[PDB]
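Just so you know, residue 1 is the first one in the sequence shown, and it goes up from there. These numbers come from the heavy atoms of this one structure, side chains and all, not from hydrogens, waters or symmetry mates.
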Amino acid sequence: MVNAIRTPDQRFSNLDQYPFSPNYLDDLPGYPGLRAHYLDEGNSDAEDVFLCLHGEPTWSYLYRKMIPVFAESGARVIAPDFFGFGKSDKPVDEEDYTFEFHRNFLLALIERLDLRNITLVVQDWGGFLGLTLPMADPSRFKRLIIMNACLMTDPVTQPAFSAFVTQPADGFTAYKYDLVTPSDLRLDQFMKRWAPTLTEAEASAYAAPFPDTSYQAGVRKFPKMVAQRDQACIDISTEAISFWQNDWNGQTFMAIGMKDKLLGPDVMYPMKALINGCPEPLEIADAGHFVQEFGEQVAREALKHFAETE
């Protein structure tokens, strides 16, 4: 029912280091006629399940270095693409994209696949949305691996989760400007700017999902949602703080990309205090916003920390 377009499959012909088979879902409750892509790697009947959520403006490709490490530890890996990203259908209207549009999609995915013993792996929007999921069904979640992210609550409740929007000028201000203003937005270039270590092939893999601007409605709406938080988003995110502080009783691992001008130390330490039982954060000096690009390290250390308490 919701007007959407689909990226030609040929756009993903030569993906660098992405040998993962596609899986799709078009029968989701509340999303009729919308096909959703997701990766399901590792033992299908595995007990532990890593749920890797991507942010703005990437896709499951972002976890390409972490998936193998998780799979080889004997776990199942689910890395879905949000509507408007990767190989999932992309609604053409920005107004179709809301906080609950993406959040309800995650809940639908979880129930449809009946995922349990989940180790939530989040970052950026994967965290903004992902961190509000456990409180809706606590029994399905076991662990959490958090990288540069927080909760989209109001400024009074947590000034740290709003301060980065305005300052500094070369932080989120420069980020959002690069995404919502160009007539001809080239994500391969944006990524090389915000992830200086990407190779030419890896950068193009982030542009692959979008042939032209009409495919980028979800990409233009995400940054706007961080700056303009609607009531549902504030109430939901504010209620999540209470979950992480008093109700959370699972293992947690935190990694911070120190060179991140958006969600670095300024945001992560206040986040660590809110998460009950959150241990000392692994600081990755050379890492920026897209911490997953230095993902093999994070994955190994996380499994190490978790394994020690198994």
Side-chain angles (χ1 to χ4, degrees), residues 1-13 15 18 22-40 53-62 78-113 124-126 128-130 132-133 136 152 175-191 204-234 236-237:
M1 273 206 47
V2 171
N3 201 297
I5 56 179
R6 187 175 300 178
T7 303
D9 238 75
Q10 187 152 198
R11 290 280 291 182
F12 312 95
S13 277
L15 288 181
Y18 196 82
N23 294 105
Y24 299 104
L25 287 175
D26 47 14
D27 38 40
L28 294 177
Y31 306 93
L34 284 171
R35 201 178 67 163
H37 172 254
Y38 67 93
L39 299 178
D40 193 5
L53 309 176
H54 75 86
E56 161 80 337
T58 68
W59 56 299
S60 41
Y61 184 84
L62 180 58
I78 303 293
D81 290 341
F82 281 111
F83 287 131
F85 306 80
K87 300 184 188 180
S88 300
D89 285 359
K90 309 171 173 52
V92 306
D93 310 300
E94 290 181 41
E95 303 176 358
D96 280 328
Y97 295 96
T98 60
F99 183 81
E100 292 181 290
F101 175 82
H102 285 298
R103 184 182 182 260
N104 289 164
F105 156 63
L106 287 167
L107 291 173
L109 175 81
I110 287 172
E111 293 183 46
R112 179 69 174 60
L113 297 184
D124 191 78
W125 266 104
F128 300 166
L129 289 158
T132 63
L133 299 171
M152 296 294 95
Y175 191 79
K176 175 166 168 291
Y177 172 82
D178 284 3
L179 298 165
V180 310
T181 66
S183 300
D184 174 51
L185 172 59
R186 290 196 167 104
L187 286 191
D188 57 304
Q189 290 175 29
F190 172 89
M191 288 306 281
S204 61
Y206 284 114
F210 319 93
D212 60 66
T213 61
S214 65
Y215 290 79
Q216 313 171 329
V219 179
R220 294 187 296 265
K221 186 51 176 297
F222 254 159
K224 298 182 184 180
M225 292 177 68
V226 181
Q228 304 157 40
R229 307 172 186 181
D230 65 2
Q231 203 61 33
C233 176
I234 296 171
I236 290 178
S237 300

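- Partners of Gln231 under the side-chain hydrogen bond (donor to acceptor under 3.5 Å, both in side chains) rule, at least two apart in sequence or in another chain, are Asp235.
- Pairs passing the side-chain hydrogen bond (donor to acceptor under 3.5 Å, both in side chains) check and including a residue from residues 176-187, sequence neighbours excluded, read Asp178-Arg193, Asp178-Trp194, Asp184-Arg186.
- Here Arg112 pairs with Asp27 under the salt bridge (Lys or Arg N to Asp or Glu O under 4.0 Å) rule; sequence neighbours left out.
- Closest non-hydrogen pair, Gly84 versus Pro91, comes out as N-CD, 4.2 Å.
- Residue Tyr175 comes nearest to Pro57 through the heavy atom pair OH-CD, 3.9 Å, listed as atom of the first residue, atom of the second, then distance.
- Side-chain contact between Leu109 and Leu25: present, with at least one pair of heavy atoms (C-beta onward) separated by less than 4.5 Å.
- When side chains are defined from C-beta on, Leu187 counts as touching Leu179, because their heavy atoms get closer than 4.5 Å.
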Extract all donor-acceptor atom pairs below 3.5 Å that involve side chains of residues 98-108 and protein atoms in other chains or at least two apart in sequence.
| unit_1 | atom_1 | unit_2 | atom_2 | d |
| --- | --- | --- | --- | --- |
| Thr98 | OG1 | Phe101 | N | 3.2 |
| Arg103 | NE | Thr132 | OG1 | 3.0 |
| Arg103 | NH2 | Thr132 | O | 2.8 |

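- Residues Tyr38 and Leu113 meet the side-chain proximity criterion, which asks for heavy atoms closer than 4.5 Å.
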For this session: Apply side chain to side chain contact (heavy atoms under 4.5 Å, CB included) to the pair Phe82 and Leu129, showing each step before the final yes or no.
Result: CA-CA 11 Å; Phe82 281 111; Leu129 289 158; 3.6 Å; yes

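- Side-chain atoms of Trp59 come within 3.5 Å of backbone N or O of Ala205 as a donor-acceptor pair.
- Scored by the side-chain hydrogen bond (donor to acceptor under 3.5 Å, both in side chains) test, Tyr31 finds no partners at all (sequence neighbours excluded).
- Partners of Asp93 according to the salt bridge (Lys or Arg N to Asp or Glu O under 4.0 Å) rule, which considers only residues two or more places apart in sequence or in another chain, do not exist here.
- Of the listed residues (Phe85, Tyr206, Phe128), just one forms a ring-ring contact (aromatic ring centres under 6.0 Å, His included) with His54, and that residue is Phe85.
- Here the CZ atom belonging to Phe190 is positioned 6.5 Å from the CD atom belonging to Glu56, to the nearest 0.5 angstrom.
- Separating the CG atom in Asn23 from the CD1 atom in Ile78 is a distance of 7.5 Å, to the nearest 0.5 Å.
- Here side-chain hydrogen bond (donor to acceptor under 3.5 Å, both in side chains) pairs that include residues 79-91, with residues two or more places apart or in two chains, are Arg6-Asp89, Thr7-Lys90, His37-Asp81, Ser60-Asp81.
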Residues 216-223 side chain polar contacts: donor-acceptor under 3.5 Å, at least two apart:
| unit_1 | atom_1 | unit_2 | atom_2 | d |
| --- | --- | --- | --- | --- |
| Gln216 | NE2 | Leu185 | O | 3.2 |
| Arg220 | NE | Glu94 | OE2 | 3.1 |
| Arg220 | NH1 | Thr213 | O | 2.9 |
| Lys221 | NZ | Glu94 | O | 3.0 |
| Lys221 | NZ | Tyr97 | O | 2.9 |

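- Rounding to the nearest 0.5 Å gives a distance of 6.5 Å between CG of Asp212 and CD1 of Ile5.
- Atom-to-atom distance recorded for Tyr61:OH and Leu15:CG is 6.5 Å, nearest 0.5 angstrom.
- Here the closest non-hydrogen pair linking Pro32 and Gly30 is CD-C, 3.4 Å.
- The side-chain hydrogen bond (donor to acceptor under 3.5 Å, both in side chains) search around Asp26 returns none, not counting sequence neighbours.
- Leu28 approaches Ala36 most closely through the heavy-atom pair CD1-CB, 4.4 Å.
- Here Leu53 contributes atom CG and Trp125 contributes atom CH2; the two are 13.0 Å apart, rounded to the nearest 0.5 Å.
- With sequence neighbours excluded, no residue forms a side-chain hydrogen bond (donor to acceptor under 3.5 Å, both in side chains) with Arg35.
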